[PDB]
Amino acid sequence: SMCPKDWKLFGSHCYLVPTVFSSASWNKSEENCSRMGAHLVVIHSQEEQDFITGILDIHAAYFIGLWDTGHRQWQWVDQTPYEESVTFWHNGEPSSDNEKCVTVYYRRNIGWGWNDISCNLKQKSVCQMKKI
């Protein structure tokens, strides 16, 4: 009802790990989400971070809707403000100015967190949309 078939409800949003799209670049992942009236996940709280990572496979890395528009100048795909105080970077991350796109992946005996990687590397992804 509140979410389309196969999507998962949390708060005011619906979430999906696409399959049909085995693996794809950040840009291609964002267009795939956008074609379903969604966008790569925008994470504004611990609760969102935990919900999103709860529906993922710990053996896979997933693009989120966060990327570097300039020099460590992070933006969300829905234009909502980047709050450095409410982030989930793995220790040592973000690591490199060469890596402008952000994945969420699981570090054994630590848990889930964000990693800057190359935007051209193919990863899984997670889409988010307002509920119906």
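Quick note: we count residues from 1 along the sequence shown, nothing fancier.
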item: Given 32 to 40 and 85 to 93, the range whose Cα B-factors average higher in the PDB entry; value: 85 to 93
item: Segment of higher mean CA temperature factor, 68 to 76 or 42 to 50; value: 68 to 76
item: Residue 128 CA temperature factor, ranked by third within the chain; value: lowest
item: Position of residue 14 among the chain's modelled residues by C-alpha B-factor, lowest, middle or highest third; value: lowest
